[PDB]
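Only one chain comes next, encoded as C-alpha cells, the form deposited in one PDB entry.
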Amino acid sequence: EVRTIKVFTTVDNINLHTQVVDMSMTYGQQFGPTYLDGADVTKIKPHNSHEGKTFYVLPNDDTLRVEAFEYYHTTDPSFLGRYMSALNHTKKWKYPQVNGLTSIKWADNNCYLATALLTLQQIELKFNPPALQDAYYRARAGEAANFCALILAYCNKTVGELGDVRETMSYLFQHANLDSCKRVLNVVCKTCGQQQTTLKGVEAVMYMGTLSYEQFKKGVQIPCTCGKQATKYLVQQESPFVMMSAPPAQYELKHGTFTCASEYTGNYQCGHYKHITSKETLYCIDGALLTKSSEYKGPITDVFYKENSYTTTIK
C-alpha cells in the first residue's frame, strides 16, 4: 500500500517548495538532511501530522543555493545545519523583558549572548542579511530564539561554548551596514615623527586597548618599530556609536558618561559576563536578574558610547 503526503521544503522559511514524500521512506532518503523547526528529522519517516508542514533542507540545487545565499549571505556548507542545531536549543531558552529590553535567562553559557543582545538594542545598527533583519526584528519584540541561533551560526559557536563579547560584536558588525563610519587617527613618536591613519566600517567603530573614549581623544601609548613608545589620539570620528575594548580590568563607570558596557568575571577558560546600562541610574542586567546602583566599579571589558560627529580640538 503506497502512502504519501504533501510537505514544503525551504531554506529561508519564506519561499516554499511543494514536495510529495513517500511515507515508507525517511526524509533523508528523499531530501538529504531535513529539519522541522530545528529538529533533525533526517532519519525519521513521515508522519500523518506532517502534511502541510514546512521542513528546512540543505541547498541541493541551484534554486535553493541562490535563495540561501540571498537570505543568509553565506555559502558555508555547514551553516544551515549549525543554525538548526542551535535553534533546537535557543527555542527552549527564555527571553524576559528586563527594563524594557529583551534579555536571555541564563543557560548554556549564554551570558555573552545576552549582553550582546542587550547592547544591540541600545545602539543604532542595521543588518544586511535578511535573515538577521527579520530575526532581529522578532528579538526586539521578545522572540529571540532565531536571532540567537543565527548569532551562534555566524560566529561558529555551538550552544554551551564559552564566547567572547568583543569577538561576537565583530561578527555582527561584519554583517551590518557601517559603510558610513569613518575614523581618523594620528600617532606621534619623537624619533619617527608622525603618521595619520584612516579607518572605515567595522575598524572605524572598534578599538582595542583602552575603555575610555576621553583617553582615546587625548592620547594613549603604543609600541613603535624604533623601540620608543608613541602616542595615539583620535582626530575625527563619524559613527552613531563607538565600542572601546580592553583586557578586563577594574574600572569605574559613571552614570551618564556612556551608553552600556560589559563586565567579565573569571578566567579565559570560564567566567561570566554581565551587562551595565546607564539610564535614569545604573542598571546591571545579568540575564533575567536586575540590580541598580548610583555608582559602579568592576572588571569591564567593553564600553559603548554614543556618537554622531567628533573633530579633535588638538592642533
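The first residue of the shown sequence is 1; numbering continues from there.
Looking at mean Cα B-factors across 13 to 21 and 291 to 299, the upper value is held by 291 to 299. As recorded in the PDB entry, 229 to 237 is the stretch of 85 to 93 and 229 to 237 with the greater mean C-alpha temperature factor.
Take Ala176, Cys224, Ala141, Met169 and read off each C-alpha B-factor from the entry; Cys224 has the highest. Across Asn99, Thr115, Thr191, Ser245, the greatest Cα temperature factor reported in the deposited entry is at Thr191. Per the deposited record, the Cα B-factor of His73 falls in the lowest third when ranked against the other modelled residues of its chain. In the deposited entry, the Cα temperature factor of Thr158 places it in the middle third of its chain's modelled residues. Per the deposited record, the Cα B-factor of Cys148 falls in the lowest third when ranked against the other modelled residues of its chain. Annotation for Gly209: C-alpha temperature factor in the middle third relative to the rest of the modelled chain, per the entry. Among all modelled residues in its chain, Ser278 ranks in the middle third by Cα B-factor.
The form deposited in another entry exists for this protein as well; it is not shown, and the discussion that follows is about that form.
Rigid-part assignment between the shown form and the other one: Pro248 and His175 end up in one part.
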